[PDB]
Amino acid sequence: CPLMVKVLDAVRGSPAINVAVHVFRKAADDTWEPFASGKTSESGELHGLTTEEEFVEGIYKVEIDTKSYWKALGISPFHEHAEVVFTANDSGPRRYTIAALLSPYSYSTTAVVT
């Protein structure tokens, strides 16, 4: 899997478990087409969203449903969700780890590309 998402909880000091993640790919008409989706595991990870065959060059949007996550904790979050938009494989296939660190009013995101 060339696309992995990892999500952490900065309030509890633990992985953000069962966070919904939706991935979209920009279509020719500049629309976001659904690409893959999943929920993070107990380790706050989501693997197996794609295959390198299917993961072609393009602009992808990784949307993390942070709102639902905090609501389930009884916390009222600021953001509707966290989005990470990036061009991928523009120079051939690469492995992308998109990480997010969550707090009710803040998130940090980083990408490790190899």
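Definition used throughout: the rigid core is the maximal C-alpha set that superposes within 1.5 Å between two forms. In this text, residue numbers run from 1 along the sequence as written.
Which of 30-38 and 82-90 strays further in 8 other deposited structures of this protein - Cα RMS after rigid core alignment: Checking 30-38 against 82-90 in 8 other deposited structures of this protein, I find the farther stretch is 82-90.
Which of 94-102 and 21-29 has higher mean CA B factor, as the PDB entry lists it: For C-alpha atoms only, the mean B-factor is higher in 21-29.
Between the two ranges 40-48 and 56-64, the one averaging a larger CA B factor in the entry: For C-alpha atoms only, the mean B-factor is higher in 40-48.
Ranked C-alpha temperature factor of residue 1 among modelled chain residues, by third: Highest third of the chain for residue 1's C-alpha B-factor.
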